[PDB]
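K.L.:
Here you go, one structure.
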Amino acid sequence: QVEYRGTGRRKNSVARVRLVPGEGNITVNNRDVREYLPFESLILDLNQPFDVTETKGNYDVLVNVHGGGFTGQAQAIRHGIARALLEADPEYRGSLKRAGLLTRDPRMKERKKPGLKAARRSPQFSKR
Amino acid sequence: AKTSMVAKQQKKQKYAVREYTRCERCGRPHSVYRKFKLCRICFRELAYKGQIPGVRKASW
Amino acid sequence: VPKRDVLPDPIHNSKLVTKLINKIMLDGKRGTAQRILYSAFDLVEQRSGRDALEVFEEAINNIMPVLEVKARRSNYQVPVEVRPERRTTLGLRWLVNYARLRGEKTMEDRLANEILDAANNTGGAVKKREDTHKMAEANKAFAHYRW
Amino acid sequence: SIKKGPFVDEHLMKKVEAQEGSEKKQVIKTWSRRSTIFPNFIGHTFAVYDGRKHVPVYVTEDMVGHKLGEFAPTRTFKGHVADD
Amino acid sequence: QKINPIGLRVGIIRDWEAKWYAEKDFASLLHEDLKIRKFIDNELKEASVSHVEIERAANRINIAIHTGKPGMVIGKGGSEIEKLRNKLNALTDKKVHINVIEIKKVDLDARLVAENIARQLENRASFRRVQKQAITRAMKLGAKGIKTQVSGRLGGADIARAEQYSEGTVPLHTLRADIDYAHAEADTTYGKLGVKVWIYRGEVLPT
Amino acid sequence: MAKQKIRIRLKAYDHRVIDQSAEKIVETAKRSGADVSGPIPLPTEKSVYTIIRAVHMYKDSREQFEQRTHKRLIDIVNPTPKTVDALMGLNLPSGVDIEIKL
RNA sequence: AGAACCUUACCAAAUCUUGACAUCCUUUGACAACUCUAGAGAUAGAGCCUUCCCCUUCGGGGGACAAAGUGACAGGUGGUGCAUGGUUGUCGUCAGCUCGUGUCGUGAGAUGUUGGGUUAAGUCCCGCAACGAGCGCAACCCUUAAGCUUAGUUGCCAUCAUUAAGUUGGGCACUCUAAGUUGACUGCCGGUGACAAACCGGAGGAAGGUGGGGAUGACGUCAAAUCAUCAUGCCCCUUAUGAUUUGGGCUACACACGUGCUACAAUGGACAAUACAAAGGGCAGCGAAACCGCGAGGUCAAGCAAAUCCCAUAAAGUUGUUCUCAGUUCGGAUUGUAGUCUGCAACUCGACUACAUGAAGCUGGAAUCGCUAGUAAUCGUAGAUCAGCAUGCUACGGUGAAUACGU
């Protein structure tokens, strides 16, 4: 067969996408998506790239991912999805870029500076 | 006074640790690093002279 | 200054829930709020048999203020029509505030009671709407020839 | 808090051994910080140097929960005007 | 309020005045260098050196003092530097190859000028004329602008003050400057007199 | 993995000096041999030292330092007393931290 | 950015006098350690030996020793930060502040820097007896947001074979790692706008109007702080305002305030199972497995100068059971007991575990603080300092929204 591979980066995490057309089924790290996301019922947001792009679908997916919390990496899949769907055909880019899902976010945490401490709280003043 | 404590931290001691690590030039014992054995202000100031390998730029 | 909405929360398929859950998540724990909101929305369907959509929509309809006041300057206060975004924000805000003030021991039953009693055009959220609509649109005399 | 063992000042030992084999004394000069009371320390009048003047304290049998470490505090009224 | 540009330009537009193998044991070699940095005053006092560079290989020491008067330090025909090595290894306890090095545009440097101005301030010379003639000579030598500040009780007088006569451009908040900052101190009968000379002599990289 | 090899590790505090030294050593190594391994980078450990811009009070105005440390790895296969000299002969400039091994 | 001692300046006592210590002369000497005694130690009282080592032709020269004489002296955390150098805060990253040539005005001054438009910005355009320049905002630098080339070990396993395992054969496609560049600069278009500045929208792109952040803090103000880092003028002390040691003390206790931590619980309590980080540190340091112990910890010894091994299970979180509104299996304060580690000694004053008690406290008044998106709220982690001791600091990651109508 044929396989399309594009990376996904978000929130100090890394995604190695393996996209192969099919009936549609994902097993992240040889483990199903429901077996990897707490709780969670937000995988339909991960299916939005399949709902607006390649309507309705679907393609089988295998992925290996490590680093960062579950939200940042469960959201890193979509940019690899978009890259692979653009690699498949440039037609899908017009529907992708009007909604995003390809532009990898450039926003992460910030350093820390005097005023913050063990918890991310600013200091007070001397009243009275 | 500081002058006799240069000898105090130099002479032998009754047992293992009645010592404290102070800077060789600056007499201030507080806020010193074992990697260099220089105090707070002296090592900051020598960093600006560009003598000790490494940097002061920060912003990291 | 814009809003930066949140789009999908197909649990259950709806949009107001998506904005609602983001208020109950005290100290940034979204799963607990999602679970309890789901349990409460299944409960409100269980007792007094109906669909969650009808009860929720008509409940937030009975508790959404349409006129509201704002102060400025002696002491005067201009009644002002509320934007739909701020309308729903205030509705959900006061709904959750009075669900907290209800004070029940259950994960879900307090919210079910709140929304289903609002479905009867009664309740503390309805009380807040009535109080605001009584103080407002009764003193619209002075600041009506203004913004 | 030592399970390694007791830690009686050897110096106090050397003096008290001769002090105890023959007739004891009712006054003793020492520093008594690196030691403690043990069964063989009974019947003496040691003096922990509180810092200003060492005060002789007579050894009793019943001080097992208490020890030689300290009996005459340096705070010494109080430091405060009021009381406990 | 302000900081020293040599502390900000470093790592980018200039290497460090000392170099050695970067083993994690820093105290031994750093305080060996400290002894050199102390003892070099005994050559600064008469030669008015600029700054010493110290490379340090495995088994050797190779240093270089930036001075404008080698004669004083090199001896007639080498009569001094070998004796410098003899009195150096007595505390270094390691071999060394001292290599005197000359600076180009000898009297344009900062530390030489600062030391000079402190010097004629030692023997009760007026502050205005010294700095004016210094800055005029520096502008003769070719540069885009220099600054000179003096501090303390000027003219041996009442409570301290601070003055400056700056000319030309002296970019400070920029980052490609490679400006030679320096500093000096001066005592005649009262307190101490410090100076803060500044120069700016073109944009250039070490690479 | 078993094989004939020579492995070296490089340390310096300037990326330009360390990579130029690595380049010249690779040149000499493949000059008197072949199949040399390139200047493989390494996560280049850093340092940090928090210090207060102050003399007597005001810890609020803190300021930071670091000591960046480049590390480099080169491997050589099929040794010879020629690559031995190519390693132990030329390391200049002497800010770099070389340790010859096998 | 580590007060048992030490640190510590102060207190009590015992002690010292070229002194604890630094240079100099004479005088010598290579330099000492372990024991006996006194002593809380300091110190000594003795054994004993530290023993001309580099250069010697009998001397010597010499790094280094030596005790005494010993005069310069040393020494002072002794005063003055209102004499100072230097250094550091604040106004405040506020956008301003000035100088040269000319002109006007008897002059002080103005003039530019004024006026319109415009900007986060004295940023820019136009006009104007002002024209130029400097310091400053900008950027110049570091980091982060994307791609490409270079190079593949300790990193990775996509094609495979195998394995507890990327552990090994291989692989460098991918990720990653660090060097260099590419990229975002009103850059292009349309409209507005004195055609200009500039503004608005759109495309493109990973990233459009200094992208996000950091470093940087103008002339100067607060006679701001520091003579206790240091240096230093002037003044003061010296058989003591200096010096050594032991113990005490910086930690007291009717209370006031600040800062923060933990609770006053059903988004919760306890137990069980279970997935997901980054950064940093480690040589005589990291302590793997195993065994022992309820436990703090103990034996053990592999590996480890570091992409290799360790710290190090990440935690919150998810699946379950139970608890069912009480001062509650809430809270975990106080006390006693039994133990663990460091240090010689945890008694005034170390930390930790188990058992025993289970306090106030059921969201807080007047008043008040912080915060415009990865922020707050919230959860953990590591480091520094460190014989042992951090609710503090620095740093790292996890999770993570509400609203900003408008001046």
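Lettering and numbering for the structure tokens are positional, with chains as A, B, ... in the shown order, residues counted from 1 in each chain, and ligands counted from 1 in the shown order.
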Mind checking which residues fall within 8 Å of residue 89 (chain G), counting only C-alpha atoms (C1' of nucleotides), ignoring those fewer than 4 positions away in the same chain, and posting them as a PyMOL selection string?
P.N.:
(chain F and resi 58) or (chain G and resi 224-225)
K.L.:
Could you take the residues named above and write them with N, CA, C and O atoms (P, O5', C5', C4', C3', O3' and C1' of nucleotides), as a PDB file, in the first residue's frame?
P.N.:
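Generated file (again_6.pdb):
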ATOM      1  N   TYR F  58      17.603  44.489  48.682  1.00  0.00           N
ATOM      2  CA  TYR F  58      16.891  44.523  47.401  1.00  0.00           C
ATOM      3  C   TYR F  58      17.167  43.259  46.576  1.00  0.00           C
ATOM      4  O   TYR F  58      17.763  43.305  45.498  1.00  0.00           O
TER       5      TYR F  58
ATOM      6  P     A G 224      20.660  60.608  50.384  1.00  0.00           P
ATOM      7  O5'   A G 224      19.297  60.420  49.580  1.00  0.00           O
ATOM      8  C5'   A G 224      18.059  60.290  50.263  1.00  0.00           C
ATOM      9  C4'   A G 224      17.557  58.868  50.225  1.00  0.00           C
ATOM     10  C3'   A G 224      18.536  57.816  50.726  1.00  0.00           C
ATOM     11  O3'   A G 224      18.519  57.686  52.138  1.00  0.00           O
ATOM     12  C1'   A G 224      17.675  57.142  48.634  1.00  0.00           C
ATOM     13  P     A G 225      19.867  57.333  52.941  1.00  0.00           P
ATOM     14  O5'   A G 225      20.164  55.825  52.541  1.00  0.00           O
ATOM     15  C5'   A G 225      19.298  54.774  52.935  1.00  0.00           C
ATOM     16  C4'   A G 225      19.932  53.442  52.640  1.00  0.00           C
ATOM     17  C3'   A G 225      21.397  53.344  53.029  1.00  0.00           C
ATOM     18  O3'   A G 225      21.574  53.002  54.390  1.00  0.00           O
ATOM     19  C1'   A G 225      21.127  52.605  50.804  1.00  0.00           C
TER      20        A G 225
END
K.L.:
I'd like the contact shell of residue 7 (chain B) - 12 Å cut-off, only C-alpha atoms (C1' of nucleotides), skipping same-chain residues fewer than 5 positions apart - returned as a ChimeraX atom specification.
P.N.:
/B:1-2,12-13,19,22,24,27 /G:20-22,243-244
K.L.:
Up to 6 Å from chain E, what residues of chain F turn up? Count only C-alpha atoms and give them as a ChimeraX atom specification.
P.N.:
/F:94-95,97
K.L.:
When you get a sec, could you note down which chain A residues fall within 9 Å of chain F, using only C-alpha atoms, as an MDAnalysis selection string?
P.N.:
chainID A and resid 113:115
K.L.:
What would the file look like if the residues just selected were written as a short mmCIF file (atom, residue, chain, number, x, y, z; two decimals), in the first residue's frame with N, CA, C and O atoms?
P.N.:
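What ended up in result01.cif:
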data_model
loop_
_atom_site.label_atom_id
_atom_site.label_comp_id
_atom_site.auth_asym_id
_atom_site.auth_seq_id
_atom_site.Cartn_x
_atom_site.Cartn_y
_atom_site.Cartn_z
N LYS A 113 9.89 35.15 36.34
CA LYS A 113 10.61 36.37 36.69
C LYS A 113 10.23 36.74 38.11
O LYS A 113 9.17 36.31 38.61
N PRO A 114 11.06 37.52 38.80
CA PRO A 114 10.75 37.90 40.19
C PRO A 114 9.35 38.48 40.33
O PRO A 114 8.96 39.39 39.61
N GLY A 115 8.60 37.93 41.28
CA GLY A 115 7.20 38.24 41.44
C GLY A 115 6.38 36.97 41.51
O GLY A 115 5.39 36.89 42.23
#
K.L.:
Only residues of chain G matter here; which ones have an atom within 10 Å of chain C, counting only C-alpha atoms (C1' of nucleotides)? Give them as number ranges by chain.
P.N.:
G: 266-268, 316-318, 324-325, 372-373, 376-379, 399-405
K.L.:
As a VMD selection string, please: the residues near residue 63 (chain C) (cut-off 12 Å, only C-alpha atoms (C1' of nucleotides), same-chain neighbours under 6 positions excluded).
P.N.:
chain C and resid 56 to 57 87 to 96 98 114 to 133
K.L.:
Running DSSP on the backbone, which parts of chain A land in alpha helix (DSSP H), as a PyMOL selection string?
P.N.:
chain A and resi 43-46+48-52+70-74+77-88+92-97
K.L.:
How would the residues just chosen look if you wrote them out with N, CA, C and O atoms as a CSV table (one decimal), in the first residue's frame?
P.N.:
chain,number,residue,atom,x,y,z
A,43,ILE,N,-12.6,13.5,21.7
A,43,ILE,CA,-11.9,13.0,20.5
A,43,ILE,C,-12.7,13.4,19.2
A,43,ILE,O,-12.1,13.5,18.1
A,44,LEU,N,-13.9,13.8,19.3
A,44,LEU,CA,-14.7,14.3,18.2
A,44,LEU,C,-14.1,15.6,17.7
A,44,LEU,O,-14.2,15.9,16.5
A,45,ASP,N,-13.4,16.3,18.5
A,45,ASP,CA,-12.6,17.5,18.1
A,45,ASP,C,-11.4,17.1,17.3
A,45,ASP,O,-11.0,17.8,16.3
A,46,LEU,N,-10.8,15.9,17.6
A,46,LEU,CA,-9.8,15.3,16.7
A,46,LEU,C,-10.3,14.8,15.4
A,46,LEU,O,-9.5,14.6,14.5
A,48,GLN,N,-12.7,16.5,13.8
A,48,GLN,CA,-13.0,17.7,13.0
A,48,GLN,C,-12.2,17.8,11.8
A,48,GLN,O,-12.7,18.3,10.7
A,49,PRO,N,-10.9,17.6,11.8
A,49,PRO,CA,-10.1,17.5,10.5
A,49,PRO,C,-10.7,16.6,9.5
A,49,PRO,O,-10.6,16.8,8.3
A,50,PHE,N,-11.3,15.5,10.0
A,50,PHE,CA,-12.0,14.6,9.1
A,50,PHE,C,-13.4,15.0,8.8
A,50,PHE,O,-14.0,14.5,7.8
A,51,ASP,N,-14.0,16.0,9.5
A,51,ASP,CA,-15.4,16.4,9.3
A,51,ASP,C,-15.4,17.6,8.3
A,51,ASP,O,-16.4,17.7,7.5
A,52,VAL,N,-14.4,18.5,8.3
A,52,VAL,CA,-14.4,19.5,7.4
A,52,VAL,C,-13.5,19.2,6.2
A,52,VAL,O,-13.7,19.6,5.1
A,70,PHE,N,-1.5,15.2,28.4
A,70,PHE,CA,-2.3,14.5,27.4
A,70,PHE,C,-3.0,15.5,26.4
A,70,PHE,O,-3.2,15.2,25.2
A,71,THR,N,-3.4,16.7,26.9
A,71,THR,CA,-4.1,17.6,26.0
A,71,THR,C,-3.2,18.1,24.9
A,71,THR,O,-3.6,18.1,23.7
A,72,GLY,N,-2.0,18.5,25.2
A,72,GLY,CA,-1.1,19.1,24.2
A,72,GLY,C,-0.8,18.1,23.1
A,72,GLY,O,-0.6,18.5,21.9
A,73,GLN,N,-0.6,16.9,23.4
A,73,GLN,CA,-0.2,15.8,22.5
A,73,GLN,C,-1.5,15.2,21.8
A,73,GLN,O,-1.4,14.9,20.6
A,74,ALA,N,-2.6,15.1,22.5
A,74,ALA,CA,-3.8,14.7,21.8
A,74,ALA,C,-4.3,15.8,20.8
A,74,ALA,O,-5.1,15.5,20.0
A,77,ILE,N,-1.9,15.7,17.0
A,77,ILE,CA,-2.2,14.8,15.9
A,77,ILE,C,-2.8,15.6,14.7
A,77,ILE,O,-2.5,15.3,13.6
A,78,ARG,N,-3.6,16.6,15.0
A,78,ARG,CA,-4.3,17.3,13.9
A,78,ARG,C,-3.4,18.0,12.9
A,78,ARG,O,-3.8,18.0,11.7
A,79,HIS,N,-2.3,18.5,13.3
A,79,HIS,CA,-1.4,19.2,12.4
A,79,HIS,C,-0.7,18.2,11.5
A,79,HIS,O,-0.5,18.4,10.3
A,80,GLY,N,-0.3,17.0,12.0
A,80,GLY,CA,0.2,15.9,11.2
A,80,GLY,C,-0.9,15.4,10.3
A,80,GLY,O,-0.6,15.1,9.1
A,81,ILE,N,-2.2,15.4,10.7
A,81,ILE,CA,-3.3,15.0,9.9
A,81,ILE,C,-3.4,16.0,8.7
A,81,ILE,O,-3.5,15.6,7.5
A,82,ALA,N,-3.3,17.3,9.0
A,82,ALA,CA,-3.5,18.3,7.9
A,82,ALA,C,-2.3,18.2,7.0
A,82,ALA,O,-2.5,18.4,5.7
A,83,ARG,N,-1.1,18.0,7.5
A,83,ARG,CA,0.1,17.9,6.6
A,83,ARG,C,-0.1,16.7,5.7
A,83,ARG,O,0.2,16.8,4.5
A,84,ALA,N,-0.5,15.6,6.2
A,84,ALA,CA,-0.7,14.4,5.4
A,84,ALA,C,-1.8,14.6,4.4
A,84,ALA,O,-1.7,14.1,3.2
A,85,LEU,N,-2.9,15.2,4.8
A,85,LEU,CA,-4.0,15.4,3.8
A,85,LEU,C,-3.6,16.4,2.7
A,85,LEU,O,-4.2,16.3,1.6
A,86,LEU,N,-2.8,17.4,3.0
A,86,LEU,CA,-2.2,18.3,2.0
A,86,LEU,C,-1.3,17.5,1.1
A,86,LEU,O,-1.2,17.8,-0.1
A,87,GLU,N,-0.4,16.7,1.7
A,87,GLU,CA,0.5,15.8,0.9
A,87,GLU,C,-0.3,14.9,-0.1
A,87,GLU,O,0.1,14.8,-1.3
A,88,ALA,N,-1.5,14.4,0.4
A,88,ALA,CA,-2.3,13.6,-0.5
A,88,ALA,C,-2.8,14.4,-1.7
A,88,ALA,O,-2.7,13.9,-2.8
A,92,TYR,N,-7.4,20.0,-0.5
A,92,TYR,CA,-7.9,20.0,0.8
A,92,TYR,C,-7.4,21.2,1.6
A,92,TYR,O,-7.9,21.6,2.6
A,93,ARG,N,-6.3,21.9,1.1
A,93,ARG,CA,-5.8,23.1,1.8
A,93,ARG,C,-6.7,24.3,1.8
A,93,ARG,O,-6.7,25.0,2.8
A,94,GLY,N,-7.5,24.4,0.8
A,94,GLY,CA,-8.5,25.5,0.7
A,94,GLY,C,-9.5,25.4,1.8
A,94,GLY,O,-9.9,26.4,2.5
A,95,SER,N,-10.0,24.2,2.1
A,95,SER,CA,-10.9,23.9,3.2
A,95,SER,C,-10.1,23.9,4.6
A,95,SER,O,-10.8,24.2,5.6
A,96,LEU,N,-8.8,23.6,4.6
A,96,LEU,CA,-8.1,23.6,5.8
A,96,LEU,C,-7.8,25.0,6.3
A,96,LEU,O,-8.1,25.3,7.5
A,97,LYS,N,-7.3,25.8,5.5
A,97,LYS,CA,-6.7,27.1,5.9
A,97,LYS,C,-7.8,28.1,6.3
A,97,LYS,O,-7.6,29.1,7.0
K.L.:
Show me, as a CSV table (one decimal) with C-alpha atoms, in the first residue's frame, the residues of chain E whose atoms get within 7 Å of chain B, using only C-alpha atoms for the distance check.
P.N.:
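Generated file (iface_15.csv):
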chain,number,residue,atom,x,y,z
E,4,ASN,CA,29.1,47.7,31.9
E,6,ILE,CA,32.1,44.7,28.5
E,7,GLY,CA,29.8,42.6,30.6
E,8,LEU,CA,27.2,42.7,27.8
E,10,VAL,CA,31.2,39.6,26.1
E,11,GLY,CA,30.4,36.3,24.4
E,16,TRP,CA,37.6,36.5,27.5
E,17,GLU,CA,40.9,37.7,28.9
E,18,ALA,CA,41.6,34.2,30.2
E,19,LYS,CA,41.4,30.7,28.6
E,26,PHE,CA,37.7,25.6,38.3
E,27,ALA,CA,39.0,26.8,41.6
